[PDB]
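Undergrad: pasting the sequence and an experimental structure:
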There are 4 protein chains.
Amino acid sequence: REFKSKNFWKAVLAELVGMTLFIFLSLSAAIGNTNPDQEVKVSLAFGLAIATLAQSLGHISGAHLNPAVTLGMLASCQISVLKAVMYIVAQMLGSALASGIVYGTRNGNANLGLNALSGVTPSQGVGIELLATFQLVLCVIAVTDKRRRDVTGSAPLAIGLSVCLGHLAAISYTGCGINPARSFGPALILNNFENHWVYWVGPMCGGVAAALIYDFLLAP
Amino acid sequence: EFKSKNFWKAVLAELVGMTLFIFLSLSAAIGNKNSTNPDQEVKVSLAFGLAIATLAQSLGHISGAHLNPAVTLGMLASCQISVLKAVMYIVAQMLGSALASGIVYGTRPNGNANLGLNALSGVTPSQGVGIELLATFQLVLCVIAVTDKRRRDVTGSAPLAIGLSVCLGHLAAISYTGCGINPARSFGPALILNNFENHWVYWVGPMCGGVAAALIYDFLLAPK
Amino acid sequence: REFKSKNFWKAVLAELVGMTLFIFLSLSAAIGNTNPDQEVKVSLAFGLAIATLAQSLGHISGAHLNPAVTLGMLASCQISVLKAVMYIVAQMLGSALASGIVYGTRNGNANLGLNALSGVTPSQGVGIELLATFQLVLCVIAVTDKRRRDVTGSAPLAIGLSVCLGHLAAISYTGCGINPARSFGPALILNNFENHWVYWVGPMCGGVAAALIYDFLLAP
Amino acid sequence: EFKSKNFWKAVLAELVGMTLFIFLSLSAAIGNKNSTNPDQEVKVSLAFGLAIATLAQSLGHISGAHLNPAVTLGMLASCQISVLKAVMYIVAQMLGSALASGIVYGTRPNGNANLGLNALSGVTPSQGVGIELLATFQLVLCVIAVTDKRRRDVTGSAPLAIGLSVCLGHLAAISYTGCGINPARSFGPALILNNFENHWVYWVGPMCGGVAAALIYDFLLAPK
């Protein structure tokens, strides 16, 4: 073990603080006040949280704030195993901590901030979460490709808009998890892990393939 | 030609990107299916635009991220690609669109009106061709002007500009024709659902709009 | 007179083609299908039309597409009087031409694409249009200030978002004109010039002050 | 100090920009006044964010475009401005907010609930302070991190990032507290309407959130 490296602890700490802010703001927007109409607001808040916290903390920790993105970075050999494990631990702790506050301020059980299923089987929910996270991790890896000089725009904005796209595509079927750490928090605070594995198998593989297709196939 | 990896990886990027683009856009098309109220209008516009704004930022360095036979034809008219590259691009776009449509219609049901099929809502085909043509003209004109390698004033996110152009074409054409501006996007669901009613409108419109945007930008607006 | 200069005719022509596309797409979005809910859609379409046509034609004509912006540029001495007059003529012709098509494809008289008044006197409507165009022309002039090197973002996107902001602020009071050429088209095709001067005095002065406050006061 | 034009033009830019910011945001607050449905929620978020995303792009080269006493205090905690500049900034922001509020409430009526006044909707003041504090913490942290002159990875539109941060703070706090994250924005209407109920929440929240964001970014996250 023996991590050390003072800047590495700040990377893990930036992931923790950013995950707390990310989950607090996104769940506070979801639980704000039917749901089909509210979907647009929820998508915008979840995208802008990434588009802001990445622009604020990417130079300090890469601003993953997503275990699927962290696994996509680990599959691309851009971080170490120890750094990825500590990243996921910090993201899960920040997500549970912020989830406790947002579910403390709280419509009975409506709670749109809990990844459930709405019209799809778990076998289909895994595919929906997998493609909705594949596009996200592919965007994160391609936009952070150090071999490119054409990215003259806001990369955190591109990643946040990718999250918002995954929401626009997956919030009506599975609530759009695309973030195992964001699906654990509410499931831990409410103590409801029904169909929770769908929001872990789906995103993670979607991230891993996003690395493998990008590196070992698309852009060698 | 038919070997150099830079061409085949471009075709493969077109296939993967078109599959992701159509899957993500069609997943927004169904979902809450019912009601065509302005909030659904805006949401569908946003999803269809952000799919480009993400997949272009992810695959443009590999294939230009056309994901649109009208954009591919506009690039062919601008002499930026070859005919063989355009043919393989259009085939890849149609295949990716049909495949993603098959998956989305596997998760969704039959689809009475579905809305994920570009149809007509209050306009004749003579008017629908004009609406689709101008809505694709602005898109291909934007793509060619923003990717003009003779410009140094483009200091913003070009995939974001193209995605916002798609979103604008939706905001302007989704209530009349559903906004196709992509023959492959209008082909996928029409192939899986086996419904090609007024399908020629969404090929004549986009293709001619892209070729005209190319000629007006190059042969008129920005010469050479 | 004798304009000449081949590139100047292309500047006027780019203004004409861009104005036709701008008015067609924006009015087609407004007349698409109550109104308070539709406001968001109308604002987005009107902002994205600028954010796209500027990114497509600014290197060819500056992409004014707005007589208030053209007057703000003329007050800043960035264009000539002949070029500004020809610009306004091209914008008015393109607006009337596109307005004829959009009002040809057309709810009785609802027509949100016609600048009317909804809860404000003309004396107040002039102030609303003036500030809503002041912010726009100020943004256009400041973002196109050739003495700045900090503008590392999409300037057409900033201008389009300024238009969208003017819509979010003025569409419920006056319908948000902030464009004398965009207020003339529908008023000419429908032959209804009631309170039309409000949508000319308001924006123009709002643009002129935007120049004077920026140059002769804020940034000399 | 109290002479050099670069300081006074900055204060004047703060005044003009705050007047435009509050006028444009409050014009969105009234308008259709009634109903607090998610579409009004999103629309108010967009107007309040785009006002920053435009006025910052217009006046940041002249004054940094704080337009927020919490952002000004966060910059003072980051030692990027002096105390005199911060005092003149806060005075200019309060004056511009009150003036624009007077104009907007001249075009609008009395305002039963108005919504253009940051109040409480389902949370205690102890919870409202936390919501306003985190919603301003993210904003000031973003402003300081994106304007860190030691970074070269900020290749996007910084005023757009700050405006989207304001829009996010609205999407997260407008249903609980109306989203203040700007003491001057919460002061203007409260001064013109003469209603300072729970006004201290929208000063303790934003100010402390900005100072904490400055200390956490500088003294912890990004040293030196």
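TA: Cool, the structure landed. Residues are numbered from 1 along each chain as shown, chains lettered A, B, ... in the order given.
Undergrad: how about the nearest residue to the residue in chain A that chain D sits nearest to, chain neighbours excluded?
TA: Closest contact between chain A and chain D, by C-beta to the nearest C-beta, is at residue A:154 (2.3 Å). Backbone N, C-alpha and C define where each C-beta goes, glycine included. Using C-beta to C-beta, 6 or more residues apart in numbering or on different chains and skipping residues adjacent in sequence, the residue nearest residue A:154 is residue D:156, 2.3 Å away.
Undergrad: elements contacting the helix or strand encompassing residue A:14?
TA: Taking DSSP states H and E as the criterion, residue A:14 maps to helix A:6-31. Here helix A:6-31 touches helix A:35-61, helix A:81-105, helix A:180-189, helix D:125-146, helix D:158-173, going by 3 or more C-beta pairs under 8 Å, 6 or more residues apart in numbering or on different chains; DSSP states H and E.
Undergrad: buried ones in it?
TA: The neighbour-count criterion (16 or more other C-beta atoms under 10 Å in any protein chain shown) identifies A:10-31 as the buried residues of helix A:6-31.
Undergrad: count the neighbours of the residue of chain A closest to chain D for me.
TA: 29 (other C-beta atoms under 10 Å in any protein chain shown).
Undergrad: surely it is in contact with residue A:55?
TA: Yes - counting by C-beta atoms under 8 Å, residue A:55 is a contact partner of residue A:154 at 7.0 Å.
Undergrad: point me to the residue of chain A nearest chain B.
TA: For chain A, C-beta to the nearest C-beta, closest residue to chain B: residue A:153, 2.4 Å.
Undergrad: so how many other residues sit close to that residue?
TA: Residue A:153, neighbours per other C-beta under 10 Å, totals 26.
Undergrad: for it, grab phi and psi.
TA: When quoted as degrees, to the nearest 10, the phi and psi of residue A:153 stand at phi -110, psi -180.
Undergrad: what sits against it?
TA: B:57, B:156-160, C:153-154, D:155-156 (C-beta atoms under 8 Å, 6 or more residues apart in numbering or on different chains).
Undergrad: same check, this time on residue A:112
TA: Neighbours of residue A:112 in contact, by C-beta under 8 Å, 6+ apart: A:30-31, A:35, A:38, A:42, A:175.
Undergrad: report the two of the contacts of residue A:153 separated the most.
TA: B:57 and C:153 (15.3 Å; C-beta to C-beta).
Undergrad: and residue A:164, how many neighbours?
TA: Residue A:164: 28 neighbours (other C-beta under 10 Å).
Undergrad: equivalent analysis for the one 3 residues further on, please.
TA: Residue A:167 is flanked by 27 other residues according to other C-beta under 10 Å.
Undergrad: my read: it touches residue A:177, true?
TA: No - using C-beta under 8 Å, residue A:167 makes no contact with residue A:177, being 10.0 Å away.
Undergrad: so how many other residues sit close to residue A:123?
TA: 8.
Undergrad: ok, residue A:148 next?
TA: There are 12 residues near residue A:148, going by other C-beta under 10 Å.
Undergrad: what does residue A:36 give?
TA: 17.
Undergrad: from chain C, how far off is it?
TA: 14 Å (C-beta to the nearest C-beta, to the nearest Å).
Undergrad: for residue A:210, same thing?
TA: From residue A:210 to chain C the distance is 26 Å (C-beta to the nearest C-beta).
Undergrad: then residue A:87?
TA: 29 Å.
Undergrad: who's in contact with that residue?
TA: Counting by C-beta under 8 Å, 6+ apart, residue A:87 has contacts A:11-12, A:15, A:61, A:64, A:67, A:70, A:79.
Undergrad: got it, and residue A:57?
TA: Neighbours of residue A:57 in contact, by C-beta under 8 Å, 6+ apart: A:14-15, A:17-18, A:63, D:145, D:221.
Undergrad: 10 Å - rerun?
TA: Contact partners of residue A:57, counting by C-beta atoms under 10 Å, 6 or more residues apart in numbering or on different chains, are A:10-11, A:13-15, A:17-19, A:21-22, A:63-65, A:156, D:141-142, D:145, D:217, D:221-222.
Undergrad: same question for residue A:37.
TA: B:32, B:35, B:37, B:39-40, B:43, C:37, D:37-39.
Undergrad: what do you get for residue A:183?
TA: Per C-beta under 10 Å, 6+ apart, neighbours of residue A:183: A:67, A:95, A:114-115, A:129, A:174-177, A:193, A:196-200, A:202-203.
Undergrad: and if we set it to 6 Å?
TA: Each residue near residue A:183 by C-beta atoms under 6 Å, 6 or more residues apart in numbering or on different chains is listed here: A:115, A:177, A:199.
Undergrad: does the last one really touch residue A:177, like I thought?
TA: Yes - using C-beta atoms under 6 Å, residue A:199 makes contact with residue A:177 at a distance of 3.7 Å.
Undergrad: quickly list what's touching both of these two.
TA: Counting by C-beta under 6 Å, 6+ apart, the residues touching both residue A:199 and residue A:177 are A:115, A:183.
Undergrad: surely residue A:11 meets residue A:61?
TA: Yes - between residue A:11 and residue A:61 there is a contact at 4.0 Å, judged by C-beta under 6 Å.
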